[PDB]
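Structure record follows, encoded as C-alpha cells.
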Amino acid sequence: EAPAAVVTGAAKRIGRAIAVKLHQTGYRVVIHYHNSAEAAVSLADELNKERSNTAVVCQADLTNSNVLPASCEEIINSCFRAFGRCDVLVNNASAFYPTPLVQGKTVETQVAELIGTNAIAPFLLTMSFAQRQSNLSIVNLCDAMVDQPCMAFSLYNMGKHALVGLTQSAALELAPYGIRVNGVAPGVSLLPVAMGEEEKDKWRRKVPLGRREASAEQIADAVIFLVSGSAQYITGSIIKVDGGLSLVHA
Amino acid sequence: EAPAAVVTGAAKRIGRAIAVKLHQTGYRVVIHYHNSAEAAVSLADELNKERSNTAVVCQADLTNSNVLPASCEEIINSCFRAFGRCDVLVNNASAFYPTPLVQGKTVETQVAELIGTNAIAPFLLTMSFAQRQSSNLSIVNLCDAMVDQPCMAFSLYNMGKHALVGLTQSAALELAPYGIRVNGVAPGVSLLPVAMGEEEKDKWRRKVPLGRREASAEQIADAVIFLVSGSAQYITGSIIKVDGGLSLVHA
Amino acid sequence: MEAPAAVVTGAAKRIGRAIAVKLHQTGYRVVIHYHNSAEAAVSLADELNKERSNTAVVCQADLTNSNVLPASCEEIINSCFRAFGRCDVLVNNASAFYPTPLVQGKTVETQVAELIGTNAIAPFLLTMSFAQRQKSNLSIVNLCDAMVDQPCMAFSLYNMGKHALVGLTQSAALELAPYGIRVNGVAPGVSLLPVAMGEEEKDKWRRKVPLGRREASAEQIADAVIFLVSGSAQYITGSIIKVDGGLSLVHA
Amino acid sequence: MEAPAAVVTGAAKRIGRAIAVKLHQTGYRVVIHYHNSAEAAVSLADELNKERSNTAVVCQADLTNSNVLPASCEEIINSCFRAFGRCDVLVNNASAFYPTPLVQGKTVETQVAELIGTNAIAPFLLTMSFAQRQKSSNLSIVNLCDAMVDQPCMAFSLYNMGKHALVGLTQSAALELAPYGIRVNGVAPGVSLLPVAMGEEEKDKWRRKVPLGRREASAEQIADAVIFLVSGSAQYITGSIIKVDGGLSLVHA
Ligand SMILES: NC(=O)c1ccc[n+]([C@@H]2O[C@H](COP(=O)([O-])OP(=O)(O)OC[C@H]3O[C@@H](n4cnc5c(N)ncnc54)[C@H](OP(=O)(O)O)[C@@H]3O)[C@@H](O)[C@H]2O)c1
Ligand SMILES: NC(=O)c1ccc[n+]([C@@H]2O[C@H](COP(=O)([O-])OP(=O)(O)OC[C@H]3O[C@@H](n4cnc5c(N)ncnc54)[C@H](OP(=O)(O)O)[C@@H]3O)[C@@H](O)[C@H]2O)c1
Ligand SMILES: NC(=O)c1ccc[n+]([C@@H]2O[C@H](COP(=O)([O-])OP(=O)(O)OC[C@H]3O[C@@H](n4cnc5c(N)ncnc54)[C@H](OP(=O)(O)O)[C@@H]3O)[C@@H](O)[C@H]2O)c1
Ligand SMILES: NC(=O)c1ccc[n+]([C@@H]2O[C@H](COP(=O)([O-])OP(=O)(O)OC[C@H]3O[C@@H](n4cnc5c(N)ncnc54)[C@H](OP(=O)(O)O)[C@@H]3O)[C@@H](O)[C@H]2O)c1
Ligand SMILES: Nc1nc2ccc(C(=O)NC(c3ccccc3)c3ccccc3)cc2s1
Ligand SMILES: Nc1nc2ccc(C(=O)NC(c3ccccc3)c3ccccc3)cc2s1
Ligand SMILES: Nc1nc2ccc(C(=O)NC(c3ccccc3)c3ccccc3)cc2s1
C-alpha cells in the first residue's frame with residue numbers, strides 16, 4: 001500500500017533530507033550511497049525505528065563505466081526486491097570539483113566521475129525505472145547556476161546541462177506511461193565540507209533572500225511538491241530554489 | 001490572525017479556483033472583478049457561508065489609464081481595510097486576443113488592455129503591495145508556458161506576458177530585502193477560452209504529452225498554493241510551468 | 001532607387017549613430033530618427049550626404065506611448081519611402097533608461113509611457129508600419145539587453161520593456177516570415193556607458209567583463225546589426241545575438 | 001606563416017565541408033578532420049590545395065569517448081601546429097545522431113560513448129588541447145549546437161544530453177578562456193541538410209514546419225554564421241549561441 005522511492009546519494013546532506021521527508025510523507029525508501037556506509041545504515045536504522053521495514057540501503061559507484069548500466073539496474077531492482085514497487089526516483093548523487101581547461105586523477109576519470117554521476121547514471125536509472133513499470137515520477141537535482149557557472153568547473157557544468165536535457169527528453173518520452181520527470185535546482189544550499197567559513201560567508205552574502213544558503217529541508221520541500229498529487233500536471237519543469245541568487249548580476 | 005490574499009480576475013475560471021483553494025488553506029480573500037459582479041458576489045457568498053466575513057469583493061478596471069494606479073492602490077487598500085493585513089497578491093487577471101501585425105478597438109486601446117491588464121496592473125499592484133508592508137509575504141504572477149513559442153498573430157499579448165516575466169524577476173530581486181518573494185505559475189492549455197470551438201479545443205488537447213487534456217484550473221491553483229506556502233520560503237524569482245509537457249513539443 | 005534604405009531610431013549619437021554610419025558605409029541610404037538631439041542628427045546627416053549626396057535624411061519623433069504614437073511611427077516609415085522610395089531595414093535602437101523603484105518628478109504613468117513606449121510599443125508600431133508598407137532582403141533588428149535576466153536593481157519598468165521587446169522579436173519573426181521579413185535582435189551587455197556616469201563607476205562595470213575588462217565599442221554593437229541585415233544571415237530569424245564580452249555568464 | 005589556421009571536425013561532408021570551404025575562401029589553412037569518410041576528406045583537401053598549395057591537410061580520428069580520446073584530441077590540435085605552425089580557430093562540428101529510446105545492436109554504453117563523446121567530450125578535450133597550446137590575433141572556438149535542444153525529437157535523450165552539455169561547455173569555456181583572448185561561441189541549426197536517403201515526402205514534412213521559406217538551411221547558410229563568429233566583426237562576442245533556424249524553434253506544437 002505504501003509507495004516506494006529511490007534516493008541516490010542519500011546518506012548525507014540534501015539527499016538525506018529528501019529521504020527523511022519522503023519517509024515522513026509515507027514512502028518506503030532505498031537509501032543509495034557510495035562511500036558513506038555508516039551514515040547510510042544509521043539513517044536506515046532511524047527510519048526503520050519509526051516504521052519497521054520501510055528503509056533499505058543500496059551501495060553503488062555511479063562513475064561512468066561499462067558496468068554502470070548494471071549498477072543502475074541493481075539500484076532499481078533493490079527497490080522492487082525490498083518493497084515490490086518503485087514509484088519515485090530522485091537523482092541526487094553528484095561529484096563536484098574543478099577541472100581547469102589550462103594546466104591525482106586522469107582527465108578520463110574526471111569525465112567518468114563528473115559526467116557519470118551528474119548525467120549518465122541519471123539516464124540509466126531513468127531507463128531502468130521506466131522499463132520496470134498511481135503517481136510515478138522522477139526528480140533530478142539540477143543547478144540554478146548552470147548558465148552563470150563557477151570558474152574552472154566545465155565538466156561539472158556540462159554534466160548538469162546534460163541533466164536538464166535528460167529532464168526534458170525523458171518528460172517528453174515517458175508522459176504516455178504516466179511518468180512525470182521534473183527538476184529542483186538549488187543555488188547555494190549546504191556548502192562543501194572542505195570550504196572555509198570566510199568563503200562560505202562570501203557566498204551567503206550574495207543571496208538576495210536572507211543572505212543565507214538554503215537548508216537541505218528547503219530543497220527537499222520542492223522535491224516533495226513535485227512527487228505529490230498537487231503536481232500531477234507538471235512535467236519537464238525545473239524549479240529553482242535559490243533565494244534569487246541566479247537573478248544577481250556580476 | 002488568518003493571513004489575507006488578493007486575487008485579481010477571481011470571479012471565474014482559474015482566478016476562482018485560486019481564491020477557493022487559498023480560502024480552503026485558511027486565507028481571507030479579496031475577490032477582484034471588472035465586469036463579473038454577479039459571479040464575484042456568488043463566490044464571496046459561498047466562501048462566507050463556510051467561514052463568515054472571510055471574503056470581500058473589489059471592483060476595478062485593470063486597463064491602463066491615468067487612473068490605473070489609483071485603482072490598483074484601491075485593490076490593495078481593500079484587503080487592508082477588510083482584514084488588517086495583505087500577505088499574498090495573485091496577479092491572475094488577463095486579456096487575451098489577437099493583434100495581427102498586417103491588416104473595433106483602436107491599436108492604442110489594445111495596448112491599454114493587453115499590456116495594461118497583463119503587465120502594467122501587476123506592476124502597480126506590486127508597488128502598492130510592497131509600499132503597504134514571522135510573516136510569509138509573496139506575490140504570484142500568472143505567466144504563460146508558451147511565451148517562447150507564441151500563438152500566431154498574438155504579438156501584444158506575448159509582449160505583455162514577456163513583460164510579466166521581467167517584472168517577476170525584477171521584483172523578486174528588489175523585494176527580497178523586505179522578505180517579499182515573487183514567483184510565477186505558467187499554464188499551457190488550461191481552461192480553453194469559452195469562445196473557442198470544440199474541434200479547436202481538441203486539436204490543442206491532443207498535443208499535450210501528459211494525458212492529451214488541458215489542466216484543470218485546480219491544477220494551476222495547486223502550484224499557486226505551493227508557492228505561497230511555507231514549503232516555498234526560499235523560492236523567489238521562479239516560474240513553475242504547469243503545462244503537461246506542452247512546451248517541450250516541437251512543431 | 002536601387003541602393004537599399006534603412007530607418008535607425010535614436011540615431012543621432014552613440015550606438016544608433018554607429019549603426020547608421022555602418023549601414024551608410026555598406027551602401028544604405030538612411031533615415032536618422034531623433035527626438036531631442038536635433039543638432040547632432042543634422043550634423044550626422046550632413047556628414048553622410050557629403051560622403052554621398054542625397055543618402056541621409058533626419059526625422060523627428062517622440063516615441064513615448066500616447067494615442068498619437070501610431071501616427072508618429074507610421075510617419076517615420078513614411079519618411080523613408082518619401083526620401084528613398086523603399087524601406088528595406090528597420091533598426092529599433094531608441095530607448096529610455098532610468099530607475100523606477102518599487103518602494104518610495106515624473107508621474108508613474110509618464111514613466112510607463114516613456115519606458116514601455118520607447119522600448120516596446122514604438123518598436124511594435126514601427127514593425128506594423130514597416131510590414132504594411134511592403135510591396136530584396138528585408139529585416140528588422142531590435143536593440144535588446146543581454147542582462148534582462150540579471151537586471152539592475154530598481155529598473156523594473158525598463159526591464160519589463162526590454163522583455164517585451166524579446167517577445168516582439170519572436171512573435172514578429174514568426175508572423176512576418178511568410179512576407180520574407182526577418183526579425184532579429186542584438187543584445188549589448190555594457191557598451192557606451194551613460195554620459196552622466198563618473199569614471200570610477202564606469203570602471204566598476206568594466207572590471208566585470210571577462211573579455212578584455214572593457215565595454216563594447218559602438219562599432220562592435222553595429223557590427224552585429226550589419227551581420228543580421230546582410231545576405232550572410234538570410235536564414236536567421238527570431239535570433240538575439242548577445243554582444244556582451246561574456247558579462248551575462250558571470251555569477252554574483 | 002601569416003595566414004591563420006583552423007581545425008574543423010567531421011569536415012569531409014555536409015555542414016563541416018561547407019565550413020572548411022568557407023574558412024579556406026576567407027584565407028584560412030585548414031585541418032580537415034574525418035572518421036570514416038577518407039575518400040571525401042582527401043577529395044576536399046586536394047580541391048583546396050589546387051586552389052592554394054599547402055593550405056589543407058586531413059587528420060583521421062574516432063571521437064567516440066574512450067581511454068585514448070584525450071590523446072586523439074591532442075593529436076588533432078597538434079596536426080594543425082605541425083602543418084601550419086599555429087591554430088587560430090577550432091570548429092567542433094563532428095556529431096553522432098541516432099535515437100536511444102528509454103523503453104524497449106550497440107550496447108547502451110557504446111551509445112553513451114558515441115553520442116556523448118562526439119557531441120560533448122571530444123569538444124571539451126579539443127578545447128583543452130587548443131587552449132593549452134596558446135597558454136593581430138583573433139583566436140576562437142565555434143561549437144555546432146542545436147536550436148531544438150529544448151523541444152527535442154522523441155527518443156533522442158542521449159543525443160539531446162550531449163547537445164545540452166555542449167551549451168554548457170560553450171558557456172564555461174567562454175568564461176574561463178576570455179583572459180587568454182580566446183572567444184567561444186555556438187551556431188545552432190534547426191533543420192539543415194536532411195539525410196539524402198530520407199524520402200522526399202518525409203523531408204517535406206520537416207521543410208513545411210520552417211516559417212522562413214518552408215525549406216531547410218543550406219550547409220553554406222550554417223557556415224556563414226561560423227564565418228561571422230570567427231571574424232573581426234565578432235571580437236566582443238563570447239558565450240553566444242546564434243540560432244540559424246528560419247524561425248523553427250518559435251513554432252508551437
Ligand atoms: N549543495 C549545494 O549548494 C548545491 C547547489 C547546486 C546544486 N546542488 C545539487 O544538489 C544535489 C545534492 O547536493 P549535496 O551538496 O547534498 O551533494 P554532495 O553532498 O556534494 O553529494 C551527494 C552525494 O553524492 C554521492 N556521490 C558522489 N560521487 C559519487 C559516485 N561516484 N557514485 C555514487 N555516489 C556519489 C556521495 O555519496 P557518499 O557520501 O555515499 O559517497 C555524496 O554524499 C547534487 O546533485 C548537487 O549537484 C547542490
Ligand atoms: N486558460 C489558459 O489555458 C491559460 C494559458 C496560459 C496562461 N494563462 C494565464 O492564466 C491566468 C488566468 O487564465 P484564465 O483563462 O482563467 O483567464 P480569463 O478567464 O481569460 O480572464 C481572467 C479574468 O481577467 C479579468 N480581466 C480581463 N480583462 C480585464 C480588465 N481590463 N480589467 C480587469 N479585469 C480583467 C476578467 O474578469 P471579469 O470577468 O471580472 O471582468 C477575467 O474573468 C491569466 O493570467 C492567463 O494569461 C491561462
Ligand atoms: N549602452 C549600453 O551599454 C547598452 C546596454 C544594453 C542595451 N543597450 C541598448 O542599446 C540601444 C542603444 O544604447 P545607447 O546607450 O546608445 O542608447 P541611449 O544613448 O541611452 O539612447 C539612444 C537614443 O534613444 C532616444 N530616445 C530616448 N527617449 C526617447 C523618446 N521618448 N522618443 C524617441 N527617442 C528617444 C534618444 O534620442 P535623442 O538623443 O534624439 O533624444 C537617445 O539618443 C538601446 O536600445 C539600449 O537599451 C545599450
Ligand atoms: N543537419 C542538420 O539538420 C542539423 C540540425 C541541428 C544540428 N546540427 C549540427 O550541425 C553539425 C553538422 O551537421 P551535419 O548534418 O553535417 O552532421 P552529420 O553529417 O550527421 O555528421 C558530421 C560528421 O560527423 C562525423 N562523426 C560522426 N561520428 C563520429 C565519430 N564517432 N568520430 C568522429 N567523427 C564522427 C562524421 O565523419 P565521417 O563521415 O568522416 O565518419 C560525419 O560526416 C552537427 O554537430 C549537428 O549535430 C545539424
Ligand atoms: N554535488 C554538489 N554540487 C554542487 C554545486 C554547487 C555548489 C556550490 O557550492 N556552489 C557555489 C559555489 C561553487 C563553487 C565554488 C564556490 C561556490 C556557488 C555556485 C554558483 C554561484 C555562487 C556559488 C556545491 C555543490 S555540491
Ligand atoms: N538606453 C539605454 N539602455 C541601457 C541599458 C543598460 C545600460 C547599462 O549601463 N547597464 C549597466 C548599468 C546599468 C545601470 C546602472 C549601472 C550599470 C549594467 C547592466 C547590467 C549589468 C551591469 C551593468 C545602459 C543603457 S542606456
Ligand atoms: N549530426 C547531426 N545532428 C543532427 C541534429 C538534428 C537533425 C535533424 O534532422 N533534426 C530534425 C529531424 C530529426 C529526426 C527525424 C527527422 C528530422 C528535426 C529536429 C528537431 C525538430 C524537428 C526535426 C540532424 C542531425 S545530424
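If you're wondering about the labels, chains in the C-alpha cells are A, B, ... by order shown, residues count from 1 in each chain, ligands from 1 in order shown.
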Checklist entry - Near residue 119 (chain B), within 8 Å and counting only C-alpha atoms, which residues show up once chain neighbours fewer than 3 positions away are dropped, as a list in words? => result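 Listed by chain and then number, they are residues 114, 115, 116, 122, 123, 160, 161, 163, 164 and 167 of chain B.
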Checklist entry - When the cut-off is 6 Å and you count only C-alpha atoms and all ligand atoms, which residues lie near ligand 1, shown as a PyMOL selection string? => result chain A and resi 9+11-15+33-36+60-63+92-95+113+117+141-143+186-191
Checklist entry - Leaving out region 171-176 of chain B and any residue of its chain fewer than 6 positions from it, which residues lie within 6 Å of it when counting only C-alpha atoms, given as JSON, numbers by chain? => result {"A": [208, 209], "B": [182, 236, 237]}
Next on the checklist: Could you check the closest approach to residue 131 (chain C) for each of B:100, B:138, B:76, B:196 and tell me which residue wins, using only C-alpha atoms?
Outcome noted: B:100
Next on the checklist: What are the residues of chain C lining chain A at 7 Å or less? Count only C-alpha atoms, and put the answer as a list in words.
Outcome noted: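 Interface list for chain C against chain A: residues 149, 150, 151, 208, 249, 250, 251 and 252 of chain C.
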Export N, CA, C and O atoms of the chosen residues as a PDB file, in the first residue's frame?
ATOM      1  N   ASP C 149      17.799  39.030 -17.800  1.00  0.00           N
ATOM      2  CA  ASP C 149      17.546  38.052 -16.739  1.00  0.00           C
ATOM      3  C   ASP C 149      18.349  38.226 -15.468  1.00  0.00           C
ATOM      4  O   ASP C 149      18.176  37.470 -14.521  1.00  0.00           O
ATOM      5  N   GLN C 150      19.255  39.211 -15.431  1.00  0.00           N
ATOM      6  CA  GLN C 150      20.023  39.522 -14.235  1.00  0.00           C
ATOM      7  C   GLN C 150      19.973  41.067 -14.125  1.00  0.00           C
ATOM      8  O   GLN C 150      20.979  41.749 -14.314  1.00  0.00           O
ATOM      9  N   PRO C 151      18.783  41.610 -13.876  1.00  0.00           N
ATOM     10  CA  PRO C 151      18.577  43.045 -14.110  1.00  0.00           C
ATOM     11  C   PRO C 151      19.216  43.962 -13.040  1.00  0.00           C
ATOM     12  O   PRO C 151      19.518  43.514 -11.930  1.00  0.00           O
ATOM     13  N   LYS C 208      33.932  43.991 -14.627  1.00  0.00           N
ATOM     14  CA  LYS C 208      33.079  42.781 -14.562  1.00  0.00           C
ATOM     15  C   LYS C 208      33.128  41.973 -15.877  1.00  0.00           C
ATOM     16  O   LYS C 208      32.731  40.803 -15.913  1.00  0.00           O
ATOM     17  N   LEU C 249      27.476  35.760 -18.359  1.00  0.00           N
ATOM     18  CA  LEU C 249      27.895  34.464 -17.802  1.00  0.00           C
ATOM     19  C   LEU C 249      28.460  34.551 -16.405  1.00  0.00           C
ATOM     20  O   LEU C 249      28.726  33.519 -15.789  1.00  0.00           O
ATOM     21  N   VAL C 250      28.686  35.777 -15.924  1.00  0.00           N
ATOM     22  CA  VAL C 250      29.414  35.976 -14.670  1.00  0.00           C
ATOM     23  C   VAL C 250      28.452  35.957 -13.491  1.00  0.00           C
ATOM     24  O   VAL C 250      27.573  36.831 -13.379  1.00  0.00           O
ATOM     25  N   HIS C 251      28.631  34.992 -12.591  1.00  0.00           N
ATOM     26  CA  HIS C 251      27.785  34.973 -11.370  1.00  0.00           C
ATOM     27  C   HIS C 251      28.076  36.130 -10.387  1.00  0.00           C
ATOM     28  O   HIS C 251      29.109  36.811 -10.482  1.00  0.00           O
ATOM     29  N   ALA C 252      27.161  36.294  -9.434  1.00  0.00           N
ATOM     30  CA  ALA C 252      27.258  37.316  -8.391  1.00  0.00           C
ATOM     31  C   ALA C 252      28.574  37.221  -7.628  1.00  0.00           C
ATOM     32  O   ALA C 252      29.064  38.245  -7.134  1.00  0.00           O
TER      33      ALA C 252
END
Checklist entry - Counting only C-alpha atoms and all ligand atoms, which protein, DNA or RNA residues come within 10 Å of ligand 7, given as a ChimeraX atom specification? => result /B:249-251 /D:10,14-15,93-99,115,118-119,144-156,159-160,163,188-195,198,202-203,205-207,209-210,216,248-249
Item to check | Distance query residue 107 (chain B) at most 8 Å, only C-alpha atoms, self and fewer than 3 positions along chain excluded, as number ranges by chain | outcome: B: 110-111; C: 70
Atoms to include: C-alpha atoms. Write the selected residues as a compact mmCIF listing (two decimals), in the first residue's frame.
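The resulting file, selection09.txt, is reproduced below:
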# COMPACT_ATOMS: atom_id res chain seq x y z
CA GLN B 110 -5.43 47.02 -27.50
CA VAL B 111 -2.19 48.26 -25.92
CA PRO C 70 0.80 55.02 -34.04
Next on the checklist: Residues of chain D within 6 Å of chain B, counting only C-alpha atoms, what are they? List them as a ChimeraX atom specification.
Outcome noted: /D:151,250-253
Next on the checklist: Please extract the residues of region 3-228 of chain D with a backbone DSSP assignment of alpha helix (DSSP H) and present them as a VMD selection string.
Outcome noted: chain D and resid 14 to 26 38 to 51 69 to 84 108 to 116 122 to 132 157 to 177 200 to 207 219 to 228
Residues of chain D that approach chain C to 8 Å or less, counting only C-alpha atoms: could you list each one with the shortest pair of atoms and its distance in Å to one decimal, rows by chain and increasing residue number, as CSV?
residue,atom,partner,partner_atom,distance
D:171,CA,C:249,CA,6.9
D:174,CA,C:246,CA,6.8
D:175,CA,C:246,CA,6.3
D:178,CA,C:211,CA,4.8
D:179,CA,C:211,CA,6.5
D:181,CA,C:211,CA,6.9
D:183,CA,C:211,CA,8.0
D:211,CA,C:177,CA,5.5
D:212,CA,C:177,CA,4.8
D:213,CA,C:178,CA,7.1
D:217,CA,C:235,CA,6.6
D:221,CA,C:235,CA,6.7
D:224,CA,C:232,CA,5.5
D:225,CA,C:232,CA,7.1
D:228,CA,C:227,CA,7.5
D:233,CA,C:223,CA,5.5
D:234,CA,C:224,CA,7.2
D:235,CA,C:220,CA,7.5
D:236,CA,C:245,CA,5.0
D:237,CA,C:243,CA,4.9
D:238,CA,C:246,CA,5.4
D:239,CA,C:246,CA,5.7
D:240,CA,C:242,CA,5.8
D:241,CA,C:241,CA,7.3
D:242,CA,C:241,CA,6.2
D:243,CA,C:239,CA,5.8
D:244,CA,C:236,CA,4.9
D:245,CA,C:236,CA,6.1
D:246,CA,C:235,CA,5.0
D:247,CA,C:237,CA,5.4
D:250,CA,C:174,CA,6.7
D:251,CA,C:174,CA,7.5
Atoms to include: N, CA, C and O atoms. Write the selected residues as a tab-separated table (two decimals), in the first residue's frame.
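Produced file selection.tsv, reproduced below:
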chain	number	residue	atom	x	y	z
D	171	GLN	N	29.51	27.92	-22.72
D	171	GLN	CA	29.46	28.96	-21.69
D	171	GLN	C	30.64	28.90	-20.72
D	171	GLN	O	31.27	29.94	-20.45
D	174	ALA	N	33.85	29.84	-22.54
D	174	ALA	CA	33.90	31.29	-22.83
D	174	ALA	C	34.39	32.06	-21.60
D	174	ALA	O	35.24	32.96	-21.69
D	175	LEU	N	33.82	31.71	-20.45
D	175	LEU	CA	34.22	32.41	-19.23
D	175	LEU	C	35.71	32.18	-18.88
D	175	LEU	O	36.43	33.12	-18.53
D	178	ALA	N	38.38	33.59	-21.66
D	178	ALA	CA	38.32	35.01	-22.02
D	178	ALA	C	39.64	35.72	-21.62
D	178	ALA	O	40.12	36.53	-22.39
D	179	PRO	N	40.26	35.38	-20.45
D	179	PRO	CA	41.57	36.02	-20.10
D	179	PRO	C	42.69	35.76	-21.12
D	179	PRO	O	43.62	36.57	-21.23
D	181	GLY	N	42.14	35.69	-24.34
D	181	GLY	CA	41.71	36.25	-25.62
D	181	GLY	C	41.05	35.24	-26.56
D	181	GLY	O	40.89	35.52	-27.76
D	183	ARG	N	37.77	33.46	-27.73
D	183	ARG	CA	36.31	33.55	-27.65
D	183	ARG	C	35.73	32.16	-27.93
D	183	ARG	O	36.34	31.37	-28.66
D	211	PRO	N	9.08	28.46	-40.73
D	211	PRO	CA	8.42	29.71	-41.16
D	211	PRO	C	9.08	30.44	-42.32
D	211	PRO	O	8.38	30.93	-43.23
D	212	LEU	N	10.41	30.56	-42.29
D	212	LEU	CA	11.12	31.39	-43.25
D	212	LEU	C	11.44	30.54	-44.49
D	212	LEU	O	12.47	29.87	-44.56
D	213	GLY	N	10.51	30.53	-45.44
D	213	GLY	CA	10.77	29.85	-46.72
D	213	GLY	C	10.34	28.41	-46.84
D	213	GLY	O	10.46	27.85	-47.94
D	217	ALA	N	17.92	24.88	-43.99
D	217	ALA	CA	19.11	25.69	-44.26
D	217	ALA	C	20.07	24.92	-45.15
D	217	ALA	O	20.24	23.72	-44.98
D	221	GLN	N	24.62	28.34	-45.50
D	221	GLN	CA	23.97	29.28	-44.58
D	221	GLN	C	24.46	29.04	-43.14
D	221	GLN	O	24.71	30.03	-42.40
D	224	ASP	N	27.98	30.40	-42.96
D	224	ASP	CA	28.04	31.87	-42.89
D	224	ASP	C	28.04	32.39	-41.43
D	224	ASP	O	28.72	33.37	-41.12
D	225	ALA	N	27.27	31.74	-40.55
D	225	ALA	CA	27.28	32.16	-39.14
D	225	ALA	C	28.60	31.82	-38.46
D	225	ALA	O	29.07	32.60	-37.62
D	228	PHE	N	31.07	34.53	-39.55
D	228	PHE	CA	30.88	35.74	-38.76
D	228	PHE	C	31.50	35.62	-37.37
D	228	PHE	O	32.24	36.51	-36.93
D	233	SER	N	34.59	41.04	-36.98
D	233	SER	CA	33.28	41.66	-36.71
D	233	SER	C	32.59	41.10	-35.48
D	233	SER	O	31.49	41.54	-35.12
D	234	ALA	N	33.22	40.09	-34.85
D	234	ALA	CA	32.63	39.44	-33.69
D	234	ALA	C	33.60	39.45	-32.51
D	234	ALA	O	33.50	38.62	-31.59
D	235	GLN	N	34.52	40.43	-32.47
D	235	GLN	CA	35.59	40.31	-31.48
D	235	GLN	C	35.19	40.62	-30.03
D	235	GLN	O	35.99	40.39	-29.13
D	236	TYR	N	33.96	41.08	-29.81
D	236	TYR	CA	33.45	41.25	-28.44
D	236	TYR	C	32.44	40.16	-28.08
D	236	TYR	O	31.87	40.17	-27.00
D	237	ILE	N	32.18	39.26	-29.03
D	237	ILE	CA	31.16	38.20	-28.83
D	237	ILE	C	31.83	36.93	-28.26
D	237	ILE	O	32.70	36.34	-28.89
D	238	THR	N	31.41	36.55	-27.05
D	238	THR	CA	31.83	35.27	-26.47
D	238	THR	C	30.70	34.72	-25.62
D	238	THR	O	29.97	35.49	-24.99
D	239	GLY	N	30.54	33.40	-25.65
D	239	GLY	CA	29.47	32.75	-24.88
D	239	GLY	C	28.11	32.88	-25.56
D	239	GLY	O	27.11	32.64	-24.91
D	240	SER	N	28.07	33.26	-26.84
D	240	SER	CA	26.80	33.44	-27.55
D	240	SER	C	26.54	32.26	-28.46
D	240	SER	O	27.47	31.78	-29.10
D	241	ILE	N	25.27	31.86	-28.55
D	241	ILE	CA	24.88	30.82	-29.50
D	241	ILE	C	23.90	31.39	-30.48
D	241	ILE	O	22.82	31.85	-30.06
D	242	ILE	N	24.28	31.43	-31.77
D	242	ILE	CA	23.42	32.05	-32.79
D	242	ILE	C	22.55	30.97	-33.42
D	242	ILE	O	23.12	30.07	-34.03
D	243	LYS	N	21.23	31.05	-33.27
D	243	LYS	CA	20.33	30.10	-33.97
D	243	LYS	C	20.29	30.47	-35.43
D	243	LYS	O	20.21	31.66	-35.80
D	244	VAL	N	20.38	29.45	-36.28
D	244	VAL	CA	20.26	29.65	-37.73
D	244	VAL	C	19.19	28.65	-38.15
D	244	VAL	O	19.47	27.55	-38.67
D	245	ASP	N	17.93	29.01	-37.86
D	245	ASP	CA	16.86	28.01	-37.94
D	245	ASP	C	15.59	28.44	-38.65
D	245	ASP	O	14.60	27.69	-38.63
D	246	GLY	N	15.63	29.61	-39.27
D	246	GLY	CA	14.45	30.02	-40.08
D	246	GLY	C	13.18	30.24	-39.24
D	246	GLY	O	12.07	30.19	-39.76
D	247	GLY	N	13.34	30.38	-37.92
D	247	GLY	CA	12.21	30.53	-37.01
D	247	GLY	C	11.62	29.20	-36.51
D	247	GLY	O	10.65	29.20	-35.78
D	250	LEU	N	10.59	28.65	-32.86
D	250	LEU	CA	9.47	29.51	-32.37
D	250	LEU	C	8.10	28.90	-32.59
D	250	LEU	O	7.10	29.45	-32.11
D	251	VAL	N	8.04	27.77	-33.31
D	251	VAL	CA	6.77	27.19	-33.77
D	251	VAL	C	6.26	26.20	-32.73
D	251	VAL	O	6.90	25.19	-32.43
